[PDB]
Amino acid sequence: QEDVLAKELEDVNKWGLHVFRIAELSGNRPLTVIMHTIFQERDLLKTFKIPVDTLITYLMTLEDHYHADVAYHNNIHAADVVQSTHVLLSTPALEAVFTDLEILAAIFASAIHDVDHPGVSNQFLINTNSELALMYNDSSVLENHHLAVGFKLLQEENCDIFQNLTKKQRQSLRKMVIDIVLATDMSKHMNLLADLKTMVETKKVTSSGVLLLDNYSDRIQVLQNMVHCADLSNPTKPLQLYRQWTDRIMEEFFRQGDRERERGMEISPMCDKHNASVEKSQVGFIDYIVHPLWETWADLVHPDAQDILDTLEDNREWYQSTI
Amino acid sequence: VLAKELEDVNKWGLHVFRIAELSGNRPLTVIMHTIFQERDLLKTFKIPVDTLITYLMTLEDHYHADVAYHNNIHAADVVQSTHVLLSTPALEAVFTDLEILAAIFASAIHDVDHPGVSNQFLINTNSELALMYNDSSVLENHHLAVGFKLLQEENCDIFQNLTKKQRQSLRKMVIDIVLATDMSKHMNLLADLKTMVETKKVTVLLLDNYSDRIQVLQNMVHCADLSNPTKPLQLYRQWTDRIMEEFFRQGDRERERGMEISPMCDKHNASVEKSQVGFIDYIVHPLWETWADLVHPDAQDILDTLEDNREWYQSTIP
Ligand SMILES: COc1cc2c(cc1OC)[C@H](CCc1c[nH]c3ccccc13)N(C=O)CC2
Ligand SMILES: COc1cc2c(cc1OC)[C@H](CCc1c[nH]c3ccccc13)N(C=O)CC2
Ligand SMILES: [Mg+2]
Ligand SMILES: [Mg+2]
Ligand SMILES: [Zn+2]
Ligand SMILES: [Zn+2]
């Protein structure tokens, strides 16, 4: 029903949106309806003269190119990252900091950032001599692919949502989107976090108390880390959402491990369904990856993200308590 | 006949155009085969000679015969120049046989399927290649992908007898080297070579960590790629004629499409000779001067010839 879905989408500005309920109520179109809602909320159709029928046509085609048969890296994950990026962009420490084009780039990058993901890792694709790894010379294999598909779909019939941007706007947005999606490669995490830490330690704020970002390198680095935080935000969400994300990533990992075991390869970490500890893996994920990242983001925008960090820390203690 | 010319495969200034003619437009194949035997690579890595020839022929076929510069003759020239640079005395022990294999294979594939237009042209025209590769080292990613993909054709897997680790190490090194031939990386590459020269440790060069060794290999193949002005003048002048034909054809396409014409690509305004002098002064000589410092004094004859050729091109400007 449309009324109940409209009611749920009133939460689009809130951390912890019931994204699985929105997927059900929208008829498995969470990415389309959440993107459309966000574009209306931020007045992006009027600002960039995006025809509404073109937006819907592109969104439905993009959503179609996520795999409905992968447990984690599907259109619900994309919708979740889009919405989480949308909330992070609204944080008071960043008010009036980014232009309308940078906002468009960050939201578009989130929407396409995992498109056509096959449900296995870059290393699996490299180690199996996949056609994707051969195409991309073993370097950010999935992320180059997500970008290429995301942009190529703009060329389908009535899909060019950027048709009314100027040529310079299109060139700038394309560069920013590429910079952002390539930064979601998990092998870049340590370098991205090291740079975010440096920016926190050298942070400057303006007279209005918002973050001072006066060059492309700093601006794109904040947008890269923002989308990376959104991508790694599952343990910061209310527990009933977090546990569903955990169930889904473990299913994807175990299916990868079954293909590795069947092929005689070493099983990747956390992918052996016969020797895995789901709870210990979440605590380690939080301790070594997610909390170091979110604690640093929370410092950059202090005190805006304190409640998100509080939820992360509660969820860590809950998983720890199940061991 | 063709055999006599191949006797100087170990000399800077091989008559590569004569070899291209005398081999029926197969310079990459015959030069690669000759080099693999001078370095005993077929025995070291147990490469079936017929597999080596089948792959080389196939690779050569994927260079475009209607591209005046970035064709199979260029690929053969860079291969042969790397082969000579690998024999620099100051590098007499630095690199292992697999590293030698990687530098030579990388040279052979480093421009395969080149369309005769630049990365910037491919980006600004919204080409399929730039869409595939997200505007980042577009050509060089493609050269690699084609070069490795051809290994999978029938009786083309020249690395069939390398160990699994050797194949994985060779692949990484080839990728690192070919990606470094992107001209947009030149200044960063040169800066690293300069830093290495300043921190140079010698007994002969001592390079201990992979990062330093791959950097020397990157800069070496880069030097080979940019070696035309260091060759004997009759060779250099042919390379100049060929690159200018390729540039002018690209500029004809940019003019028509309404784009800004790339530097040196406007046939109605370009000075071929001024462009060569500027090319040497700003790119080729700073690079080869720094290389010469790294292997001092083994590059001094190459540097001398470059400086002679620069003097000659300058004298052709009224
Ligand atoms: C909800 O839980 C998860 C969600 C996700 C992951 C792992 C989760 O739980 C262990 C992994 C992290 C990959 C990864 C790379 N290096 C690591 C080192 C340690 C741990 C993980 C990783 N993802 C894979 O695409 C993203 C989503
Ligand atoms: C024999 O002469 C040449 C040979 C080559 C080039 C230029 C030559 O002569 C002007 C260019 C150099 C790169 C380059 C592209 N745009 C530039 C602008 C300024 C400086 C360098 C470049 N190449 C292009 O594939 C490699 C071979
Ligand atoms: Mg991803
Ligand atoms: Mg090239
Ligand atoms: Zn993701
Ligand atoms: Zn080349």
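Hydrogens, waters and symmetry mates are skipped; everything else that's a heavy atom, side chains included, is used. In what follows, every chain begins at residue 1, and chains take the letters A, B, ... in the order their sequences are listed. Atoms within a ligand are numbered from 1 in the order they appear, just like the ligands themselves.
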Checklist entry - Could B:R255 and B:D252 be called an ion pair, given the rule that one side-chain N must be under 4.0 Å from one carboxylate O? => result yes
Item to check | A:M135 vs B:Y133 side-chain heavy atoms within contact, under 4.5 Å | outcome: yes
Checklist entry - Taking N or O atoms only and a 3.5 Å limit, does A:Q282 qualify as a polar contact for ligand 1? => result yes
Checklist entry - If you count the atoms of ligand 2 from 1 in the order shown, which ones are under 4.0 Å from a heavy atom of B:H70? => result 25 (O)
Checklist entry - Which residue owns the protein heavy atom closest to atom 26 (C) of ligand 1, what's the atom, and how far is it? => result A:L232 CD2, 4.3 Å
Checklist outcome for this item: Ranking B:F247, B:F279, B:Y236 by closest non-hydrogen atom to atom 4 (C) of ligand 2, top hit is B:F279
Next on the checklist: Consider side-chain contact (heavy atoms from CB on, under 4.5 Å). Of A:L125, A:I126, A:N122, which one does A:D138 pass it with?
Outcome noted: A:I126
Item to check | B:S137 vs B:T181 side-chain heavy atoms within contact, under 4.5 Å | outcome: no
Checklist entry - Quick one: does A:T311's side chain get under 4.5 Å of A:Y242's, heavy atoms only? => result no
Item to check | Between B:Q250 and B:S118: side-chain donor-acceptor atoms closer than 3.5 Å | outcome: yes
Item to check | B:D241/B:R237 ion pair, N-O < 4.0 Å | outcome: no
Checklist entry - atom 18 (C) of ligand 2: which protein heavy atom is closest, and how many Å away? => result B:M264 CE, 3.5 Å
Checklist entry - Heavy atom under 4.0 Å from ligand 2: found in B:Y69's side chain, backbone, both, or neither? => result side chain
Item to check | Sub-4.0 Å protein heavy atom near atom 14 (C) of ligand 2 | outcome: no
Checklist entry - With side chains defined as the heavy atoms from C-beta onward, is the minimum distance between A:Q240 and A:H18 less than 4.5 Å? => result yes
Checklist outcome for this item: Of A:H146, A:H77, A:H145, A:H65, the one forming a ring-ring contact (aromatic ring centres under 6.0 Å, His included) with A:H117 is A:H146
Next on the checklist: If the contact criterion is a heavy-atom separation under 4.0 Å, does A:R248 count as touching ligand 1?
Outcome noted: no
Item to check | atom 17 (C) of ligand 1: the protein heavy-atom neighbour that sits closest, reported with distance to 0.1 Å | outcome: A:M186 CE, 4.4 Å
Checklist entry - Which ligand 1 atoms, with their elements, are less than 4.0 angstrom from a heavy-atom of A:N234? => result 1 (C)
Checklist outcome for this item: for atom 20 (C) of ligand 2, nearest protein heavy atom and its distance come out as B:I283 CG1, 4.0 Å
Checklist outcome for this item: Counting only protein N, O or S atoms and ignoring waters, those under 2.8 Å from the Mg ion (ligand 3) are A:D114 OD1
Checklist entry - Below 4.5 Å, heavy atoms only, C-beta onward: do B:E311 and B:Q314 meet side chain to side chain? => result no
Item to check | Pairwise side-chain contact, B:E254 with B:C265, heavy-atom cut-off 4.5 Å (strictly under) | outcome: yes
